[PDB]
file data.pdb (PDB, C-alpha atoms and all ligand atoms)
ATOM      1  CA  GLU J   6      11.456  -2.591  17.272  1.00  0.00           C
ATOM      2  CA  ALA J   7      11.520   1.054  16.155  1.00  0.00           C
ATOM      3  CA  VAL J   8      11.304   0.309  12.415  1.00  0.00           C
ATOM      4  CA  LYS J   9       8.418  -2.106  12.936  1.00  0.00           C
ATOM      5  CA  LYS J  10       6.487   0.362  15.096  1.00  0.00           C
ATOM      6  CA  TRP J  11       7.011   3.083  12.488  1.00  0.00           C
ATOM      7  CA  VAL J  12       5.739   0.868   9.635  1.00  0.00           C
ATOM      8  CA  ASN J  13       2.817  -0.292  11.787  1.00  0.00           C
ATOM      9  CA  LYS J  14       1.748   3.280  12.510  1.00  0.00           C
ATOM     10  CA  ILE J  15       1.586   4.064   8.783  1.00  0.00           C
ATOM     11  CA  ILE J  16      -0.559   0.984   8.123  1.00  0.00           C
ATOM     12  CA  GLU J  17      -2.789   1.603  11.170  1.00  0.00           C
ATOM     13  CA  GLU J  18      -3.375   5.342  10.811  1.00  0.00           C
ATOM     14  CA  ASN J  19      -4.225   5.236   7.098  1.00  0.00           C
ATOM     15  CA  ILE J  20      -6.943   3.070   5.588  1.00  0.00           C
ATOM     16  CA  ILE J  21      -4.990   2.996   2.296  1.00  0.00           C
ATOM     17  CA  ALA J  22      -1.242   2.650   2.865  1.00  0.00           C
ATOM     18  CA  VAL J  23       1.245   2.430  -0.026  1.00  0.00           C
ATOM     19  CA  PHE J  24       4.978   1.931   0.410  1.00  0.00           C
ATOM     20  CA  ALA J  25       6.833   3.206  -2.648  1.00  0.00           C
ATOM     21  CA  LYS J  26      10.213   4.430  -3.848  1.00  0.00           C
ATOM     22  CA  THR J  27      11.645   7.090  -6.121  1.00  0.00           C
ATOM     23  CA  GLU J  28      10.732   6.996  -9.836  1.00  0.00           C
ATOM     24  CA  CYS J  29       8.957   3.633  -9.615  1.00  0.00           C
ATOM     25  CA  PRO J  30       6.502   3.207 -12.530  1.00  0.00           C
ATOM     26  CA  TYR J  31       4.388   0.498 -10.899  1.00  0.00           C
ATOM     27  CA  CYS J  32       4.210   2.593  -7.720  1.00  0.00           C
ATOM     28  CA  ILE J  33       2.936   5.513  -9.808  1.00  0.00           C
ATOM     29  CA  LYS J  34       0.418   3.295 -11.632  1.00  0.00           C
ATOM     30  CA  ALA J  35      -0.907   1.791  -8.368  1.00  0.00           C
ATOM     31  CA  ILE J  36      -1.202   5.169  -6.652  1.00  0.00           C
ATOM     32  CA  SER J  37      -2.986   6.644  -9.682  1.00  0.00           C
ATOM     33  CA  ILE J  38      -5.487   3.767  -9.777  1.00  0.00           C
ATOM     34  CA  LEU J  39      -6.174   4.278  -6.064  1.00  0.00           C
ATOM     35  CA  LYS J  40      -6.468   8.076  -6.481  1.00  0.00           C
ATOM     36  CA  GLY J  41      -8.944   7.377  -9.300  1.00  0.00           C
ATOM     37  CA  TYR J  42     -11.356   5.971  -6.727  1.00  0.00           C
ATOM     38  CA  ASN J  43     -11.153   9.331  -4.830  1.00  0.00           C
ATOM     39  CA  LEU J  44      -9.331   7.764  -1.864  1.00  0.00           C
ATOM     40  CA  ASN J  45      -6.830  10.532  -1.345  1.00  0.00           C
ATOM     41  CA  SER J  46      -8.260  11.703   1.963  1.00  0.00           C
ATOM     42  CA  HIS J  47      -7.647   8.221   3.372  1.00  0.00           C
ATOM     43  CA  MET J  48      -4.385   7.452   1.535  1.00  0.00           C
ATOM     44  CA  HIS J  49      -0.787   7.703   2.667  1.00  0.00           C
ATOM     45  CA  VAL J  50       2.203   7.092   0.384  1.00  0.00           C
ATOM     46  CA  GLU J  51       5.591   6.517   2.035  1.00  0.00           C
ATOM     47  CA  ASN J  52       8.798   6.749  -0.011  1.00  0.00           C
ATOM     48  CA  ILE J  53      10.967   4.179   1.767  1.00  0.00           C
ATOM     49  CA  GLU J  54      13.972   4.729  -0.496  1.00  0.00           C
ATOM     50  CA  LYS J  55      14.426   8.226   0.965  1.00  0.00           C
ATOM     51  CA  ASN J  56      14.951   6.705   4.384  1.00  0.00           C
ATOM     52  CA  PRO J  57      18.101   5.545   6.205  1.00  0.00           C
ATOM     53  CA  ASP J  58      16.424   2.233   7.100  1.00  0.00           C
ATOM     54  CA  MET J  59      15.160   1.180   3.656  1.00  0.00           C
ATOM     55  CA  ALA J  60      16.468  -2.393   3.867  1.00  0.00           C
ATOM     56  CA  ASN J  61      14.940  -2.873   7.308  1.00  0.00           C
ATOM     57  CA  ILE J  62      11.600  -1.500   6.117  1.00  0.00           C
ATOM     58  CA  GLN J  63      11.711  -3.782   3.067  1.00  0.00           C
ATOM     59  CA  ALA J  64      12.530  -6.831   5.174  1.00  0.00           C
ATOM     60  CA  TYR J  65       9.566  -6.118   7.465  1.00  0.00           C
ATOM     61  CA  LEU J  66       7.242  -5.573   4.494  1.00  0.00           C
ATOM     62  CA  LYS J  67       8.387  -8.983   3.267  1.00  0.00           C
ATOM     63  CA  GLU J  68       7.580 -10.507   6.670  1.00  0.00           C
ATOM     64  CA  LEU J  69       4.099  -8.968   6.414  1.00  0.00           C
ATOM     65  CA  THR J  70       3.367  -9.692   2.729  1.00  0.00           C
ATOM     66  CA  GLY J  71       5.847 -12.209   1.258  1.00  0.00           C
ATOM     67  CA  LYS J  72       7.665  -9.694  -0.981  1.00  0.00           C
ATOM     68  CA  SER J  73      10.205  -6.935  -0.291  1.00  0.00           C
ATOM     69  CA  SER J  74       9.511  -5.059  -3.547  1.00  0.00           C
ATOM     70  CA  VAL J  75       7.603  -1.800  -3.844  1.00  0.00           C
ATOM     71  CA  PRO J  76       4.874  -0.876  -4.245  1.00  0.00           C
ATOM     72  CA  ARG J  77       3.446  -2.659  -1.195  1.00  0.00           C
ATOM     73  CA  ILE J  78      -0.251  -1.926  -0.692  1.00  0.00           C
ATOM     74  CA  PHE J  79      -2.403  -2.336   2.438  1.00  0.00           C
ATOM     75  CA  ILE J  80      -6.131  -1.572   2.700  1.00  0.00           C
ATOM     76  CA  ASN J  81      -7.517  -1.408   6.265  1.00  0.00           C
ATOM     77  CA  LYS J  82      -4.436  -3.389   7.401  1.00  0.00           C
ATOM     78  CA  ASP J  83      -5.274  -6.130   4.869  1.00  0.00           C
ATOM     79  CA  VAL J  84      -2.520  -7.037   2.400  1.00  0.00           C
ATOM     80  CA  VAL J  85      -3.411  -6.243  -1.197  1.00  0.00           C
ATOM     81  CA  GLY J  86       0.152  -6.855  -2.378  1.00  0.00           C
ATOM     82  CA  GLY J  87       1.809  -5.122  -5.314  1.00  0.00           C
ATOM     83  CA  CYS J  88       0.510  -3.231  -8.311  1.00  0.00           C
ATOM     84  CA  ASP J  89      -0.238  -6.409 -10.293  1.00  0.00           C
ATOM     85  CA  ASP J  90      -2.342  -7.645  -7.371  1.00  0.00           C
ATOM     86  CA  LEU J  91      -4.170  -4.314  -7.341  1.00  0.00           C
ATOM     87  CA  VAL J  92      -4.837  -4.568 -11.086  1.00  0.00           C
ATOM     88  CA  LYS J  93      -6.272  -8.075 -10.632  1.00  0.00           C
ATOM     89  CA  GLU J  94      -8.510  -6.889  -7.783  1.00  0.00           C
ATOM     90  CA  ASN J  95      -9.538  -3.835  -9.787  1.00  0.00           C
ATOM     91  CA  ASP J  96     -10.369  -5.728 -12.986  1.00  0.00           C
ATOM     92  CA  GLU J  97     -12.252  -8.500 -11.189  1.00  0.00           C
ATOM     93  CA  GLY J  98     -14.369  -6.248  -8.957  1.00  0.00           C
ATOM     94  CA  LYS J  99     -12.679  -7.118  -5.655  1.00  0.00           C
ATOM     95  CA  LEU J 100     -11.198  -3.634  -5.215  1.00  0.00           C
ATOM     96  CA  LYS J 101     -14.510  -1.802  -5.469  1.00  0.00           C
ATOM     97  CA  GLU J 102     -16.161  -4.322  -3.143  1.00  0.00           C
ATOM     98  CA  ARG J 103     -13.326  -3.703  -0.657  1.00  0.00           C
ATOM     99  CA  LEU J 104     -13.888   0.032  -0.867  1.00  0.00           C
ATOM    100  CA  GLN J 105     -17.658  -0.246  -0.672  1.00  0.00           C
ATOM    101  CA  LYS J 106     -17.442  -2.176   2.604  1.00  0.00           C
ATOM    102  CA  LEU J 107     -15.279   0.609   4.047  1.00  0.00           C
ATOM    103  CA  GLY J 108     -17.755   3.318   3.012  1.00  0.00           C
ATOM    104  CA  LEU J 109     -15.120   4.819   0.697  1.00  0.00           C
ATOM    105  CA  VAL J 110     -17.174   4.518  -2.507  1.00  0.00           C
ATOM    106  CA  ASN J 111     -20.951   4.575  -2.930  1.00  0.00           C
TER     107      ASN J 111
HETATM  108 CL    CL J 201       2.153  -9.895  -2.279  1.00  0.00          CL
HETATM  109 CL    CL J 202       3.525  -9.363  -5.984  1.00  0.00          CL
END

call {"tool": "encode", "arguments": {"input": "data.pdb", "output": "C-alpha cells"}}
result
Amino acid sequence: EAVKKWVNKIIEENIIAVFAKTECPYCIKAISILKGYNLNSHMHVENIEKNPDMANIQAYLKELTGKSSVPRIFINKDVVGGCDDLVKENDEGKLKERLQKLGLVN
C-alpha cells in the first residue's frame, strides 16, 4: 500500500511526472525535451534507483504502464510511456497539443 500511495502522490501532485534512475541517457533525453517546453515549474523527476523500494516501484509502474523500465512519463496522470513514446508524440505534434490543452504552452 505504502509504495503505491507514494508513487500516486508524485503522479497526482505534478502535472509532468518522470520516474528515472542514475546515469540513464534516455531519462536525460526525455527530461531535456520536456524542459525545452518550459515545463519545469510543473515537472517532478524521481530517481527510483536511489530508493530502498526500487523493485516495488518498478513493478507498480509496470502495472500502470506495461513496462518496468525508466524513464516512465506521466502527463496529468495520463501515461505517455518511455522516452521513445515521448519522441513520437513530440515529432508528430501530440506532445504540444497535450501541453496546449493544459495551458502549459501558448
Ligand atoms: Cl509504455
Ligand atoms: Cl516503451

call {"tool": "residues_around", "arguments": {"input": "data.pdb", "residues": "residue J:59", "least_positions_apart": "3", "cutoff": "12 Å", "atoms": "only C-alpha atoms", "output": "mmCIF file with C-alpha atoms, in the frame of the given file"}}
result
data_model
loop_
_atom_site.group_PDB
_atom_site.id
_atom_site.type_symbol
_atom_site.label_atom_id
_atom_site.label_comp_id
_atom_site.auth_asym_id
_atom_site.auth_seq_id
_atom_site.Cartn_x
_atom_site.Cartn_y
_atom_site.Cartn_z
ATOM 1 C CA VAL J 8 11.304 0.309 12.415
ATOM 2 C CA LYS J 9 8.418 -2.106 12.936
ATOM 3 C CA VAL J 12 5.739 0.868 9.635
ATOM 4 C CA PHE J 24 4.978 1.931 0.410
ATOM 5 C CA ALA J 25 6.833 3.206 -2.648
ATOM 6 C CA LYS J 26 10.213 4.430 -3.848
ATOM 7 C CA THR J 27 11.645 7.090 -6.121
ATOM 8 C CA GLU J 51 5.591 6.517 2.035
ATOM 9 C CA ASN J 52 8.798 6.749 -0.011
ATOM 10 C CA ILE J 53 10.967 4.179 1.767
ATOM 11 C CA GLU J 54 13.972 4.729 -0.496
ATOM 12 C CA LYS J 55 14.426 8.226 0.965
ATOM 13 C CA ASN J 56 14.951 6.705 4.384
ATOM 14 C CA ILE J 62 11.600 -1.500 6.117
ATOM 15 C CA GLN J 63 11.711 -3.782 3.067
ATOM 16 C CA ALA J 64 12.530 -6.831 5.174
ATOM 17 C CA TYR J 65 9.566 -6.118 7.465
ATOM 18 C CA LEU J 66 7.242 -5.573 4.494
ATOM 19 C CA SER J 73 10.205 -6.935 -0.291
ATOM 20 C CA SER J 74 9.511 -5.059 -3.547
ATOM 21 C CA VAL J 75 7.603 -1.800 -3.844
#

call {"tool": "closest_residue", "arguments": {"input": "data.pdb", "among": "J:20, J:88, J:100, J:38", "to": "ligand CL 201 (chain J)", "atoms": "only C-alpha atoms and all ligand atoms"}}
result
J:88

call {"tool": "atom_distance", "arguments": {"input": "data.pdb", "atom1": "atom CA of residue J:7", "atom2": "atom CA of residue J:77"}}
result
19.5 Å

call {"tool": "resolve_selection", "arguments": {"input": "data.pdb", "expression": "the PyMOL selection byres (((not hetatm)) within 7 of (chain J and resi 202))", "output": "list in words"}}
result
residues 72, 86, 87, 89 and 90 of chain J

call {"tool": "write_last_selection", "arguments": {"input": "data.pdb", "atoms": "C-alpha atoms", "output": "compact mmCIF listing (two decimals), keeping the file's coordinate frame"}}
result
# COMPACT_ATOMS: atom_id res chain seq x y z
CA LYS J 72 7.66 -9.69 -0.98
CA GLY J 86 0.15 -6.86 -2.38
CA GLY J 87 1.81 -5.12 -5.31
CA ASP J 89 -0.24 -6.41 -10.29
CA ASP J 90 -2.34 -7.64 -7.37

call {"tool": "resolve_selection", "arguments": {"input": "data.pdb", "expression": "the PyMOL selection byres (((chain J and resi 91) around 12) and not hetatm)", "output": "PyMOL selection string"}}
result
chain J and resi 23+31-32+34-39+76-80+84-90+92-101+103

call {"tool": "write_last_selection", "arguments": {"input": "data.pdb", "atoms": "C-alpha atoms", "output": "PDB file, in the coordinates of the input"}}
result
ATOM      1  CA  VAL J  23       1.245   2.430  -0.026  1.00  0.00           C
ATOM      2  CA  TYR J  31       4.388   0.498 -10.899  1.00  0.00           C
ATOM      3  CA  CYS J  32       4.210   2.593  -7.720  1.00  0.00           C
ATOM      4  CA  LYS J  34       0.418   3.295 -11.632  1.00  0.00           C
ATOM      5  CA  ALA J  35      -0.907   1.791  -8.368  1.00  0.00           C
ATOM      6  CA  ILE J  36      -1.202   5.169  -6.652  1.00  0.00           C
ATOM      7  CA  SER J  37      -2.986   6.644  -9.682  1.00  0.00           C
ATOM      8  CA  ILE J  38      -5.487   3.767  -9.777  1.00  0.00           C
ATOM      9  CA  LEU J  39      -6.174   4.278  -6.064  1.00  0.00           C
ATOM     10  CA  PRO J  76       4.874  -0.876  -4.245  1.00  0.00           C
ATOM     11  CA  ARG J  77       3.446  -2.659  -1.195  1.00  0.00           C
ATOM     12  CA  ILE J  78      -0.251  -1.926  -0.692  1.00  0.00           C
ATOM     13  CA  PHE J  79      -2.403  -2.336   2.438  1.00  0.00           C
ATOM     14  CA  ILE J  80      -6.131  -1.572   2.700  1.00  0.00           C
ATOM     15  CA  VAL J  84      -2.520  -7.037   2.400  1.00  0.00           C
ATOM     16  CA  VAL J  85      -3.411  -6.243  -1.197  1.00  0.00           C
ATOM     17  CA  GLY J  86       0.152  -6.855  -2.378  1.00  0.00           C
ATOM     18  CA  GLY J  87       1.809  -5.122  -5.314  1.00  0.00           C
ATOM     19  CA  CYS J  88       0.510  -3.231  -8.311  1.00  0.00           C
ATOM     20  CA  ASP J  89      -0.238  -6.409 -10.293  1.00  0.00           C
ATOM     21  CA  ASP J  90      -2.342  -7.645  -7.371  1.00  0.00           C
ATOM     22  CA  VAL J  92      -4.837  -4.568 -11.086  1.00  0.00           C
ATOM     23  CA  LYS J  93      -6.272  -8.075 -10.632  1.00  0.00           C
ATOM     24  CA  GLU J  94      -8.510  -6.889  -7.783  1.00  0.00           C
ATOM     25  CA  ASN J  95      -9.538  -3.835  -9.787  1.00  0.00           C
ATOM     26  CA  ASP J  96     -10.369  -5.728 -12.986  1.00  0.00           C
ATOM     27  CA  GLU J  97     -12.252  -8.500 -11.189  1.00  0.00           C
ATOM     28  CA  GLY J  98     -14.369  -6.248  -8.957  1.00  0.00           C
ATOM     29  CA  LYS J  99     -12.679  -7.118  -5.655  1.00  0.00           C
ATOM     30  CA  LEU J 100     -11.198  -3.634  -5.215  1.00  0.00           C
ATOM     31  CA  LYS J 101     -14.510  -1.802  -5.469  1.00  0.00           C
ATOM     32  CA  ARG J 103     -13.326  -3.703  -0.657  1.00  0.00           C
TER      33      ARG J 103
END

call {"tool": "atom_distance", "arguments": {"input": "data.pdb", "atom1": "atom CA of residue J:13", "atom2": "atom CA of residue J:30"}}
result
24.8 Å

call {"tool": "closest_residue", "arguments": {"input": "data.pdb", "among": "J:29, J:17, J:61, J:44", "to": "residue J:107", "atoms": "only C-alpha atoms"}}
result
J:44

call {"tool": "closest_residue", "arguments": {"input": "data.pdb", "among": "J:81, J:111, J:70, J:105", "to": "ligand CL 201 (chain J)", "atoms": "all atoms listed in the file"}}
result
J:70

call {"tool": "axis_aligned_box", "arguments": {"input": "data.pdb", "around": "stretch 18-37 of chain J", "padding_each_side": "3 Å", "output": "AutoDock Vina command-line options"}}
result
--center_x 2.4 --center_y 3.8 --center_z -0.9 --size_x 24.6 --size_y 12.6 --size_z 29.3

call {"tool": "atom_distance", "arguments": {"input": "data.pdb", "atom1": "atom CA of residue J:110", "atom2": "atom CA of residue J:42"}}
result
7.3 Å

call {"tool": "build_atoms", "arguments": {"input": "data.pdb", "residues": "stretch 40-52 of chain J", "atoms": "N, CA and C atoms", "output": "PDB file, in the frame of the given file"}}
result
ATOM      1  N   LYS J  40      -6.017   6.673  -6.487  1.00  0.00           N
ATOM      2  CA  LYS J  40      -6.468   8.076  -6.481  1.00  0.00           C
ATOM      3  C   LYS J  40      -7.680   8.286  -7.388  1.00  0.00           C
ATOM      4  N   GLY J  41      -7.812   7.431  -8.405  1.00  0.00           N
ATOM      5  CA  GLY J  41      -8.944   7.377  -9.300  1.00  0.00           C
ATOM      6  C   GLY J  41     -10.227   6.912  -8.610  1.00  0.00           C
ATOM      7  N   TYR J  42     -10.138   6.340  -7.426  1.00  0.00           N
ATOM      8  CA  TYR J  42     -11.356   5.971  -6.727  1.00  0.00           C
ATOM      9  C   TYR J  42     -11.673   7.035  -5.687  1.00  0.00           C
ATOM     10  N   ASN J  43     -11.004   8.199  -5.783  1.00  0.00           N
ATOM     11  CA  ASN J  43     -11.153   9.331  -4.830  1.00  0.00           C
ATOM     12  C   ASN J  43     -10.808   9.180  -3.274  1.00  0.00           C
ATOM     13  N   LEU J  44      -9.881   8.232  -3.133  1.00  0.00           N
ATOM     14  CA  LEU J  44      -9.331   7.764  -1.864  1.00  0.00           C
ATOM     15  C   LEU J  44      -8.278   8.653  -1.233  1.00  0.00           C
ATOM     16  N   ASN J  45      -7.910   9.709  -1.933  1.00  0.00           N
ATOM     17  CA  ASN J  45      -6.830  10.532  -1.345  1.00  0.00           C
ATOM     18  C   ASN J  45      -6.769  11.061   0.162  1.00  0.00           C
ATOM     19  N   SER J  46      -8.000  11.261   0.615  1.00  0.00           N
ATOM     20  CA  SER J  46      -8.260  11.703   1.963  1.00  0.00           C
ATOM     21  C   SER J  46      -7.964  10.575   2.945  1.00  0.00           C
ATOM     22  N   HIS J  47      -7.963   9.326   2.473  1.00  0.00           N
ATOM     23  CA  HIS J  47      -7.647   8.221   3.372  1.00  0.00           C
ATOM     24  C   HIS J  47      -6.424   7.441   2.899  1.00  0.00           C
ATOM     25  N   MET J  48      -5.557   8.081   2.124  1.00  0.00           N
ATOM     26  CA  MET J  48      -4.385   7.452   1.535  1.00  0.00           C
ATOM     27  C   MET J  48      -3.120   8.069   2.098  1.00  0.00           C
ATOM     28  N   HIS J  49      -2.116   7.236   2.327  1.00  0.00           N
ATOM     29  CA  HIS J  49      -0.787   7.703   2.667  1.00  0.00           C
ATOM     30  C   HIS J  49       0.217   6.954   1.809  1.00  0.00           C
ATOM     31  N   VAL J  50       1.110   7.687   1.149  1.00  0.00           N
ATOM     32  CA  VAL J  50       2.203   7.092   0.384  1.00  0.00           C
ATOM     33  C   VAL J  50       3.515   7.406   1.089  1.00  0.00           C
ATOM     34  N   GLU J  51       4.300   6.369   1.366  1.00  0.00           N
ATOM     35  CA  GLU J  51       5.591   6.517   2.035  1.00  0.00           C
ATOM     36  C   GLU J  51       6.702   6.120   1.076  1.00  0.00           C
ATOM     37  N   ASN J  52       7.625   7.048   0.811  1.00  0.00           N
ATOM     38  CA  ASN J  52       8.798   6.749  -0.011  1.00  0.00           C
ATOM     39  C   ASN J  52       9.860   6.167   0.911  1.00  0.00           C
TER      40      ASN J  52
END
